[PDB]
Amino acid sequence: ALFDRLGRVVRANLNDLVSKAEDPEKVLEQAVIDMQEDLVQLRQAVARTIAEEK
Amino acid sequence: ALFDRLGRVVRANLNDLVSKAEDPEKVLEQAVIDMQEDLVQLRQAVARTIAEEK
Amino acid sequence: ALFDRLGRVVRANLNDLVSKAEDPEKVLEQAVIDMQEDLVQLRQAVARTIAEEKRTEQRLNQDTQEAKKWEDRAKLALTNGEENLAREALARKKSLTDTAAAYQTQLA
Amino acid sequence: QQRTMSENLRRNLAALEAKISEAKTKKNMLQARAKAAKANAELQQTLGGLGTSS
Amino acid sequence: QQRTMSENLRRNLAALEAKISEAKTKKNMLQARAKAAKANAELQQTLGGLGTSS
Amino acid sequence: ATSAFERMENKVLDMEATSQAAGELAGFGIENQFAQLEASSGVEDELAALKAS
């Protein structure tokens, strides 16, 4: 369908835009806050299964 | 989603800004007031459990 | 394109202007400050690669002393008689010696 | 059944924390290798400028 | 039950105070090592300036 | 942990500055051999005094 070509060009445009932006320090600080938010939410889920155990 | 790249660049910008600022004396004085506020609030929580004991 | 002829004449004008200026003493003093600025910036770049060498070497030392502290913890678990703690201390040594070997490979 | 699940979740957390902390320390190491490669690129670029000016 | 909890909280406070006070004295020690490393960097930088001026 | 990372990176910068200062003497044969000859001759003079005693 016609929407497909518009999908390819917008995917190329957003890849160019992000690629122009990306740097080592920004990805490092993002990666530590990503793992902190994943870890605290997953430890809250463990606290719910521990609460059902107790 | 598109917001992701804006998150990476703002995380890199705030890491550059804080990194430019950070010094040994400022982190030492912050670390002693942080532990004093944690300790006084936690001792107030112990005073509540002692009050329930008495 | 038309801009080409304007490029040729401005290139001729700036070559005439610099040629009229140039002298042996000015080029000598410029050449020594040029090599001093190149040398100090390049030695700062070497100081960054040396700092990464010493960073990865101190990480290797920290893991290898921590691996010996997990052998001490394994010995303490064996005198306590706690097999699950001795087996966890062995798994700590196996994994931490693998991270030590990764830091040693990077350091090599 | 809840305690065997509780230990299984503890194993899942311990494996996840190990692979996350390994991936983050290796990402910092490869970023330091990339910083050294950038310094060697600056060294060769300035050596080219020393060549043309000399 | 309240007195066994009251002693358990006393143990939690005693362990927390021990690890906080250890971490703060070690942070002061490593900051003093970093001050000595900065003094050795100034010594080598001024020795370079003595070299070029001599 | 966050303040301990700032302390750690400051001490890593002191170790890289110390390595750069040691590299300024690495392969610099005149100062390197002068320091080696001063240390070697100082030990030989101390042993010569010990043999004389």
# chains A, B, ... in the order shown; residues from 1 in each chain; ligands from 1

call {"tool": "residues_around", "arguments": {"residues": "residue 28 (chain E)", "least_positions_apart": "6", "cutoff": "12 Å", "atoms": "only C-alpha atoms", "output": "list in words"}}
result
residues 24, 25, 27, 28, 29, 31 and 32 of chain B; 21, 22, 34 and 35 of chain E; 3, 4, 7 and 8 of chain F

call {"tool": "write_last_selection", "arguments": {"atoms": "N, CA, C and O atoms", "output": "compact mmCIF listing (two decimals), in the first residue's frame"}}
result
# COMPACT_ATOMS: atom_id res chain seq x y z
N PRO B 24 35.55 18.39 45.27
CA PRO B 24 35.70 17.50 46.43
C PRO B 24 35.09 18.04 47.72
O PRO B 24 34.47 17.33 48.51
N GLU B 25 35.26 19.33 47.94
CA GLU B 25 34.75 20.03 49.12
C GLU B 25 33.21 20.11 49.14
O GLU B 25 32.59 19.86 50.17
N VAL B 27 31.03 18.05 47.54
CA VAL B 27 30.49 16.70 47.76
C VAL B 27 30.70 16.24 49.21
O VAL B 27 29.80 15.63 49.79
N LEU B 28 31.82 16.59 49.85
CA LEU B 28 32.03 16.31 51.28
C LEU B 28 31.01 17.03 52.18
O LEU B 28 30.39 16.38 53.01
N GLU B 29 30.80 18.34 52.00
CA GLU B 29 29.82 19.06 52.84
C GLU B 29 28.38 18.59 52.59
O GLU B 29 27.61 18.42 53.54
N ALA B 31 27.61 15.43 51.64
CA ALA B 31 27.55 14.09 52.21
C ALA B 31 27.35 14.08 53.73
O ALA B 31 26.63 13.22 54.25
N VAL B 32 27.96 15.03 54.46
CA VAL B 32 27.72 15.13 55.91
C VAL B 32 26.32 15.67 56.25
O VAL B 32 25.70 15.13 57.16
N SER E 21 29.72 5.92 58.79
CA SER E 21 30.93 6.54 59.35
C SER E 21 32.22 6.00 58.71
O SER E 21 33.12 6.79 58.41
N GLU E 22 32.27 4.70 58.39
CA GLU E 22 33.35 4.12 57.58
C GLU E 22 33.42 4.77 56.19
O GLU E 22 34.49 5.22 55.77
N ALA E 34 43.76 12.29 46.49
CA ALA E 34 43.51 13.07 45.27
C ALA E 34 44.16 14.47 45.33
O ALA E 34 44.71 14.93 44.33
N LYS E 35 44.17 15.12 46.50
CA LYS E 35 44.91 16.38 46.74
C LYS E 35 46.42 16.20 46.56
O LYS E 35 47.06 17.01 45.90
N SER F 3 28.62 9.90 45.37
CA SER F 3 29.78 10.68 45.82
C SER F 3 31.08 9.86 45.79
O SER F 3 32.14 10.38 45.45
N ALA F 4 31.02 8.55 46.05
CA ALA F 4 32.17 7.65 45.90
C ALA F 4 32.65 7.53 44.44
O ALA F 4 33.85 7.40 44.21
N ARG F 7 34.75 10.73 43.90
CA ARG F 7 36.05 10.50 44.54
C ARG F 7 36.93 9.56 43.72
O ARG F 7 38.10 9.85 43.47
N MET F 8 36.37 8.45 43.23
CA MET F 8 37.07 7.48 42.38
C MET F 8 37.60 8.11 41.09
O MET F 8 38.78 8.00 40.80

call {"tool": "residues_around", "arguments": {"residues": "residue 6 (chain D)", "least_positions_apart": "6", "cutoff": "12 Å", "atoms": "only C-alpha atoms", "output": "PDB file with N, CA, C and O atoms, in the first residue's frame"}}
result
ATOM      1  N   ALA A  45       7.980  -5.231  42.485  1.00  0.00           N
ATOM      2  CA  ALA A  45       7.269  -6.462  42.131  1.00  0.00           C
ATOM      3  C   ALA A  45       7.675  -7.646  43.033  1.00  0.00           C
ATOM      4  O   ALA A  45       6.814  -8.376  43.527  1.00  0.00           O
ATOM      5  N   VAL A  46       8.970  -7.802  43.337  1.00  0.00           N
ATOM      6  CA  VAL A  46       9.450  -8.781  44.328  1.00  0.00           C
ATOM      7  C   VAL A  46       8.881  -8.482  45.720  1.00  0.00           C
ATOM      8  O   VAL A  46       8.433  -9.389  46.406  1.00  0.00           O
ATOM      9  N   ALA A  47       8.797  -7.219  46.140  1.00  0.00           N
ATOM     10  CA  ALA A  47       8.172  -6.861  47.411  1.00  0.00           C
ATOM     11  C   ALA A  47       6.684  -7.261  47.475  1.00  0.00           C
ATOM     12  O   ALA A  47       6.218  -7.672  48.535  1.00  0.00           O
ATOM     13  N   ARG A  48       5.945  -7.217  46.357  1.00  0.00           N
ATOM     14  CA  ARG A  48       4.566  -7.731  46.281  1.00  0.00           C
ATOM     15  C   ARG A  48       4.514  -9.255  46.439  1.00  0.00           C
ATOM     16  O   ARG A  48       3.678  -9.747  47.195  1.00  0.00           O
ATOM     17  N   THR A  49       5.400 -10.018  45.795  1.00  0.00           N
ATOM     18  CA  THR A  49       5.400 -11.488  45.962  1.00  0.00           C
ATOM     19  C   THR A  49       5.873 -11.917  47.355  1.00  0.00           C
ATOM     20  O   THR A  49       5.322 -12.859  47.927  1.00  0.00           O
ATOM     21  N   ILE A  50       6.813 -11.187  47.959  1.00  0.00           N
ATOM     22  CA  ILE A  50       7.206 -11.344  49.366  1.00  0.00           C
ATOM     23  C   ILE A  50       6.037 -11.016  50.302  1.00  0.00           C
ATOM     24  O   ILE A  50       5.786 -11.759  51.242  1.00  0.00           O
ATOM     25  N   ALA A  51       5.268  -9.957  50.044  1.00  0.00           N
ATOM     26  CA  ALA A  51       4.094  -9.631  50.850  1.00  0.00           C
ATOM     27  C   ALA A  51       3.026 -10.739  50.798  1.00  0.00           C
ATOM     28  O   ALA A  51       2.439 -11.060  51.825  1.00  0.00           O
ATOM     29  N   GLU A  52       2.808 -11.380  49.645  1.00  0.00           N
ATOM     30  CA  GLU A  52       1.924 -12.551  49.526  1.00  0.00           C
ATOM     31  C   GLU A  52       2.477 -13.801  50.243  1.00  0.00           C
ATOM     32  O   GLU A  52       1.724 -14.551  50.869  1.00  0.00           O
ATOM     33  N   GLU A  53       3.797 -13.997  50.234  1.00  0.00           N
ATOM     34  CA  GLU A  53       4.466 -15.035  51.025  1.00  0.00           C
ATOM     35  C   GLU A  53       4.237 -14.822  52.532  1.00  0.00           C
ATOM     36  O   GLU A  53       3.786 -15.729  53.226  1.00  0.00           O
ATOM     37  N   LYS A  54       4.463 -13.610  53.048  1.00  0.00           N
ATOM     38  CA  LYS A  54       4.265 -13.310  54.473  1.00  0.00           C
ATOM     39  C   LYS A  54       2.787 -13.274  54.868  1.00  0.00           C
ATOM     40  O   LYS A  54       2.448 -13.690  55.970  1.00  0.00           O
TER      41      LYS A  54
ATOM     42  N   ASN D  12      16.391 -15.125  39.320  1.00  0.00           N
ATOM     43  CA  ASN D  12      16.171 -14.255  38.160  1.00  0.00           C
ATOM     44  C   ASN D  12      16.754 -12.850  38.378  1.00  0.00           C
ATOM     45  O   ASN D  12      17.448 -12.337  37.503  1.00  0.00           O
ATOM     46  N   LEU D  13      16.541 -12.252  39.554  1.00  0.00           N
ATOM     47  CA  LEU D  13      17.132 -10.972  39.947  1.00  0.00           C
ATOM     48  C   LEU D  13      18.664 -11.042  39.988  1.00  0.00           C
ATOM     49  O   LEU D  13      19.327 -10.182  39.423  1.00  0.00           O
TER      50      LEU D  13
END

call {"tool": "interface_residues", "arguments": {"of": "chain E", "to": "chain B", "cutoff": "9 Å", "atoms": "only C-alpha atoms", "output": "count of residues only"}}
result
13

call {"tool": "atom_distance", "arguments": {"atom1": "CA of residue 17 (chain B)", "atom2": "CA of residue 37 (chain C)"}}
result
27.8 Å

call {"tool": "residues_around", "arguments": {"residues": "residue 71 (chain C)", "least_positions_apart": "4", "cutoff": "8 Å", "atoms": "only C-alpha atoms", "output": "list in words"}}
result
residues 67, 75, 89, 90 and 93 of chain C

call {"tool": "write_last_selection", "arguments": {"atoms": "N, CA, C and O atoms", "output": "PDB file, in the first residue's frame"}}
result
ATOM      1  N   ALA C  67      38.925 -11.392  44.372  1.00  0.00           N
ATOM      2  CA  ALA C  67      38.927 -12.835  44.148  1.00  0.00           C
ATOM      3  C   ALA C  67      39.629 -13.589  45.294  1.00  0.00           C
ATOM      4  O   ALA C  67      39.093 -14.581  45.795  1.00  0.00           O
ATOM      5  N   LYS C  75      37.008 -20.228  52.603  1.00  0.00           N
ATOM      6  CA  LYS C  75      37.666 -20.872  53.749  1.00  0.00           C
ATOM      7  C   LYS C  75      36.847 -20.686  55.028  1.00  0.00           C
ATOM      8  O   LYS C  75      36.596 -21.660  55.726  1.00  0.00           O
ATOM      9  N   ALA C  89      30.761 -18.637  47.190  1.00  0.00           N
ATOM     10  CA  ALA C  89      32.092 -18.051  47.136  1.00  0.00           C
ATOM     11  C   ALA C  89      32.959 -18.589  45.983  1.00  0.00           C
ATOM     12  O   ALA C  89      33.696 -17.829  45.347  1.00  0.00           O
ATOM     13  N   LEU C  90      32.830 -19.876  45.634  1.00  0.00           N
ATOM     14  CA  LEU C  90      33.442 -20.432  44.418  1.00  0.00           C
ATOM     15  C   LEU C  90      32.868 -19.785  43.147  1.00  0.00           C
ATOM     16  O   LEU C  90      33.633 -19.372  42.278  1.00  0.00           O
ATOM     17  N   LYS C  93      34.367 -16.328  42.864  1.00  0.00           N
ATOM     18  CA  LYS C  93      35.726 -16.445  42.300  1.00  0.00           C
ATOM     19  C   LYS C  93      35.699 -16.711  40.793  1.00  0.00           C
ATOM     20  O   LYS C  93      36.417 -16.050  40.051  1.00  0.00           O
TER      21      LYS C  93
END

call {"tool": "closest_residue", "arguments": {"among": "F:1, F:52, F:17, F:35", "to": "chain C", "atoms": "only C-alpha atoms"}}
result
F:17

call {"tool": "closest_atom_pairs", "arguments": {"of": "chain E", "to": "chain C", "cutoff": "12 Å", "atoms": "only C-alpha atoms", "output": "JSON lines"}}
result
{"residue": "E:41", "atom": "CA", "partner": "C:47", "partner_atom": "CA", "distance": 11.5}
{"residue": "E:45", "atom": "CA", "partner": "C:40", "partner_atom": "CA", "distance": 11.0}
{"residue": "E:48", "atom": "CA", "partner": "C:40", "partner_atom": "CA", "distance": 10.2}
{"residue": "E:49", "atom": "CA", "partner": "C:40", "partner_atom": "CA", "distance": 11.7}
{"residue": "E:52", "atom": "CA", "partner": "C:36", "partner_atom": "CA", "distance": 9.8}

call {"tool": "write_last_selection", "arguments": {"atoms": "C-alpha atoms", "output": "compact mmCIF listing (two decimals), in the first residue's frame"}}
result
# COMPACT_ATOMS: atom_id res chain seq x y z
CA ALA E 41 50.44 17.21 38.70
CA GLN E 45 53.50 21.09 35.09
CA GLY E 48 57.79 21.57 32.26
CA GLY E 49 57.72 25.42 32.51
CA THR E 52 61.10 25.56 28.48

call {"tool": "interface_residues", "arguments": {"of": "chain C", "to": "chain F", "cutoff": "8 Å", "atoms": "only C-alpha atoms", "output": "ChimeraX atom specification"}}
result
/C:43,46-48,50-52,54-55

call {"tool": "residues_around", "arguments": {"residues": "residue 31 (chain C)", "least_positions_apart": "4", "cutoff": "8 Å", "atoms": "only C-alpha atoms", "output": "PDB file with C-alpha atoms, in the first residue's frame"}}
result
ATOM      1  CA  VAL C  27      58.392  32.161  10.152  1.00  0.00           C
ATOM      2  CA  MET C  35      55.401  22.725  17.243  1.00  0.00           C
TER       3      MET C  35
ATOM      4  CA  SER D  54      56.425  22.754   7.853  1.00  0.00           C
TER       5      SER D  54
END

call {"tool": "residues_around", "arguments": {"residues": "residue 6 (chain B)", "least_positions_apart": "5", "cutoff": "10 Å", "atoms": "only C-alpha atoms", "output": "PyMOL selection string"}}
result
(chain A and resi 18+21) or (chain B and resi 11-12)

call {"tool": "residues_around", "arguments": {"residues": "residue 20 (chain A)", "least_positions_apart": "4", "cutoff": "12 Å", "atoms": "only C-alpha atoms", "output": "ChimeraX atom specification"}}
result
/A:13-16 /B:5,9

call {"tool": "write_last_selection", "arguments": {"atoms": "C-alpha atoms", "output": "compact mmCIF listing (two decimals), in the first residue's frame"}}
result
# COMPACT_ATOMS: atom_id res chain seq x y z
CA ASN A 13 14.75 10.91 8.38
CA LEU A 14 14.45 9.94 12.10
CA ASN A 15 17.59 7.71 11.81
CA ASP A 16 19.55 10.65 10.29
CA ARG B 5 16.26 10.93 21.42
CA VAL B 9 20.42 14.56 24.53

call {"tool": "residues_around", "arguments": {"residues": "residue 86 (chain C)", "least_positions_apart": "3", "cutoff": "12 Å", "atoms": "only C-alpha atoms", "output": "list in words"}}
result
residues 70, 71, 72, 73, 74, 75, 76, 77, 78, 79, 80, 81, 82, 83, 89, 90, 91, 92 and 93 of chain C

call {"tool": "atom_distance", "arguments": {"atom1": "CA of residue 23 (chain A)", "atom2": "CA of residue 62 (chain C)"}}
result
29.1 Å

call {"tool": "atom_distance", "arguments": {"atom1": "CA of residue 34 (chain A)", "atom2": "CA of residue 61 (chain C)"}}
result
29.4 Å
